[PDB]
Protein chains: 2
Amino acid sequence: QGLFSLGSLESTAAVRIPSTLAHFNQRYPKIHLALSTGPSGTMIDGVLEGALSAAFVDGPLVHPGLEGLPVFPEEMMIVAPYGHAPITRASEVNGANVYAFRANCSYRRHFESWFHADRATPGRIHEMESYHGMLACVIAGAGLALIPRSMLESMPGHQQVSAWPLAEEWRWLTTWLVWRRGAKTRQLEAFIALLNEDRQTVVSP
Amino acid sequence: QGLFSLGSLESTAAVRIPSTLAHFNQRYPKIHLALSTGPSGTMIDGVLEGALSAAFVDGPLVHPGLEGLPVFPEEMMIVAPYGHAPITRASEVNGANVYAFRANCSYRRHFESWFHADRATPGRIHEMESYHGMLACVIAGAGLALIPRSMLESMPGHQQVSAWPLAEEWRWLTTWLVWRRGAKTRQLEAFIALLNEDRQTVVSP
Ligand SMILES: [Cl-]
Ligand SMILES: [Cl-]
Ligand SMILES: [Cl-]
Ligand SMILES: [Cl-]
Ligand code: NA
Ligand code: NA
Ligand code: NA
């Protein structure tokens with residue numbers, strides 16, 4: 001019996017990889033898949049140190065100690081209290097209070113940069129421990145949040161908010177699968193094979 | 001403009017109160033609803049100290065510094081890797097690895113007690129920071145978890161697990177709304193009124 005230690009972003013684990021995790025479990029009954037979640041920085045360190053076999057992390061891929069594959073396109077949605085007018089540019093919500101998922105620095109920085117590009121700013125940023133909590137604050141009328149569409153639409157509360165994608169250069173991010181630079185192990189190759197049988201559906205129309 | 005500081009369990013915030021939060025936001029535009037999440041013990045302390053106006057917490061209600069209302073019935077589901085035979089008693093899964101939501105001690109203790117009642121035990125308990133992460137470990141074949149049906153069925157991964165309710169005396173728990181003992185404030189009375197227009201649907205068939 002072997003061990004495949006896979007790290008993942010919270011959002012990816014929630015709405016992108018469940019089907020692949022089940023398939024891998026059933027395909028390789030003698031491999032123990034150990035799934036952990038955390039921030040990209042921490043996971044990358046775990047992959048580099050050998051504590052993780054691979055991890056789903058925020059792009060872009062820049063660390064020379066890693067190799068990787070771009071896997072999931074995420075559509076970044078600005079989320080507001082119910083019935084709010086479509087938000088198409090940051091000046092329209094200048095000074096608004098913002099709620100961010102603490103563990104995903106890349107999404108927070110992206111949201112901030114979107115404000116700054118239109119010479120606007122959030123009034124303040126509140127770091128939150130969960131997507132459900134973040135969404136509940138928006139539902140309650142407290143401010144705005146930036147959440148991938150895939151994650152947003154999986155949460156019941158999406159019925160109680162209004163959401164729109166960010167404008168083109170800010171609309172899409174990419175979640176990568178990364179591993180330690182070098183020949184892939186048989187287990188990782190096996191995992192990528194099962195994963196690929198799905199990401200054709202995710203990227204294709 | 002006033003402030004209503006409401007604490008809530010993660011699960012309750014995810015799948016029980018979104019509609020009520022939106023209604024309260026729209027009904028009282030001059031009240032700022034500040035929604036926080038955390039473990040019951042911490043929230044109760046916040047209510048007692050005056051940091052929170054009220055909180056949704058795990059029952060039963062025993063602290064004499066509080067008054068409260070029983071609100072949501074939660075059906076406790078044992079969750080296993082896909083296709084697993086129905087689990088009706090703990091001896092059937094004696095020694096299994098268990099995944100628990102770190103913040104909800106009451107649900108962890110409940111699960112442990114369910115094992116012990118049948119002279120069984122989990123092999124070990126792994127504390128997890130999120131329901132999605134907990135569910136992903138089960139999907140991956142790593143063990144079992146105890147999750148309220150309302151929460152479970154809201155997560156996409158529920159399609160990749162098999163789940164059954166615990167047997168009668170272990171099947172149902174109750175989430176309470178609690179506040180500091182004394183006359184309720186006008187805001188709390190107002191919140192309870194909007195809440196009551198919904199919990200008839202939650203409890204009734
Ligand atoms: Cl994330
Ligand atoms: Cl990228
Ligand atoms: Cl909870
Ligand atoms: Cl109770
Ligand atoms: Na396994
Ligand atoms: Na408000
Ligand atoms: Na859902």
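Worth knowing before you read on, the calculation uses all heavy atoms, side chains too, and leaves out hydrogens, waters and symmetry mates. Every chain is numbered from 1, with letters handed out A, B, ... down the list of sequences.
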Which heavy atom of [X] sits nearest to which heavy atom of [Y], and what is that distance?
X	Y	answer
A:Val79	A:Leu152	CG2-CD2, 4.0 Å
B:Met151	B:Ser154	O-OG, 2.7 Å
A:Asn97	A:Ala142	CB-O, 3.6 Å
B:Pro156	A:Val15	CG-CG1, 3.8 Å
B:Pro81	B:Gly143	CD-O, 3.7 Å
B:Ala80	B:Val138	C-CG1, 3.4 Å

To the nearest 0.5 Å, tell me how far [X] [atom1] sits from [Y] [atom2].
X	Y	atom1	atom2	answer
B:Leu21	A:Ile139	CG	CD1	6.5 Å
A:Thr175	A:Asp58	OG1	CG	6.0 Å
A:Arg27	A:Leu33	CZ	CG	14.5 Å
A:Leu9	A:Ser106	CG	OG	7.5 Å
A:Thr37	A:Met43	OG1	CE	6.5 Å
B:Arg199	B:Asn196	CZ	CG	4.5 Å

Report task. Would you please test B:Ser113 and B:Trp170 for side-chain contact (heavy atoms from CB on, under 4.5 Å) and show each step? Result -> CA-CA 9 Å; B:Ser113 295; B:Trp170 307 96; 3.6 Å; yes

Query raised in the report: Passes side-chain contact (heavy atoms from CB on, under 4.5 Å), A:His126 versus A:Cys137? Steps please.
Result: CA-CA 10 Å; A:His126 301 278; A:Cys137 290; over 6 Å; no

Report task. Verify, without hydrogens or angle tests, whether A:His132 (side chain) and B:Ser11 (backbone) share a donor-acceptor contact under 3.5 angstrom. Result ->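 Side chain of A:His132 to backbone of B:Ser11, a donor-acceptor pair under 3.5 Å: no, none is there.
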
Report task. List the steps and the verdict of side-chain contact (heavy atoms from CB on, under 4.5 Å) for A:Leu166 and A:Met77. Result -> CA-CA 6 Å; A:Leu166 296 184; A:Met77 309 291 289; over 6 Å; no

Are there over 12 heavy-atom neighbours, none belonging to [X], within less than 6.0 Å of that residue's [atom1]?
X	atom1	answer
A:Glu169	CD	yes
A:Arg108	CZ	yes
B:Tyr82	OH	no
A:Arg124	CZ	no
A:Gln200	CD	no

**Report entry** Intermediate values then yes/no, side-chain contact (heavy atoms from CB on, under 4.5 Å), B:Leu48 and B:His63
**Finding:** CA-CA 10 Å; B:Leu48 294 170; B:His63 199 298; 3.4 Å; yes

With a 4.5 Å heavy-atom cut-off, do [X] and [Y] have their side chains touching?
X	Y	value
A:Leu177	A:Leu6	yes
A:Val98	A:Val93	no
A:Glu75	A:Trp172	yes
B:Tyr131	A:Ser130	no
B:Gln160	A:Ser19	yes

Report task. Assess the side chains of A:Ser150 and A:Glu74: does a donor N or O sit below 3.5 Å from an acceptor N or O? Result ->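 Yes, a side-chain donor-acceptor pair sits under 3.5 Å.
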
Query - With B:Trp179, the side chain to side chain contact (heavy atoms under 4.5 Å, CB included) member among B:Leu52, B:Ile192, B:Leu66 - result: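 With B:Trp179 as partner, side chain to side chain contact (heavy atoms under 4.5 Å, CB included) holds for just one option, B:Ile192.
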
Report task. Run the ring-centre check on A:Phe115 versus A:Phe111 and record whether the distance is less than 6.0 Å. Result ->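 Yes; A:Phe111 has its ring centre under 6.0 Å from that of A:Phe115.
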
Requested in this report: Answer yes if the ring centres of A:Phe4 and A:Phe24 are under 6.0 angstrom apart, and no otherwise.
Outcome: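 Yes.
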
Report task. Please work out which of the three classes, parallel, tilted or perpendicular, describes the rings of B:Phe191 and B:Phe56, given edges at 30° and 60°. Result ->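 Perpendicular: the ring planes of B:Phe56 and B:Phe191 meet at over 60°.
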
Query raised in the report: Excluding sequence neighbours, so at least two apart, what forms salt bridge (charged side-chain N to carboxylate O under 4.0 Å, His left out) with B:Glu129?
Result: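 In terms of salt bridge (charged side-chain N to carboxylate O under 4.0 Å, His left out), with neighbours along the sequence ignored, B:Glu129 is linked to B:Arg102.
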
Query raised in the report: Who pairs with A:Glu153 by salt bridge (charged side-chain N to carboxylate O under 4.0 Å, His left out), at least two apart in sequence or on another chain?
Result: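 A:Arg149.
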
Requested in this report: Decide salt bridge (charged side-chain N to carboxylate O under 4.0 Å, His left out) for A:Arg109 and A:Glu112; before the verdict, give the C-alpha distance in whole Å, the side-chain angles of both, and the deciding distance to 0.1 Å.
Outcome: CA-CA 5 Å; A:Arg109 286 188 280 90; A:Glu112 289 181 314; over 6 Å; no

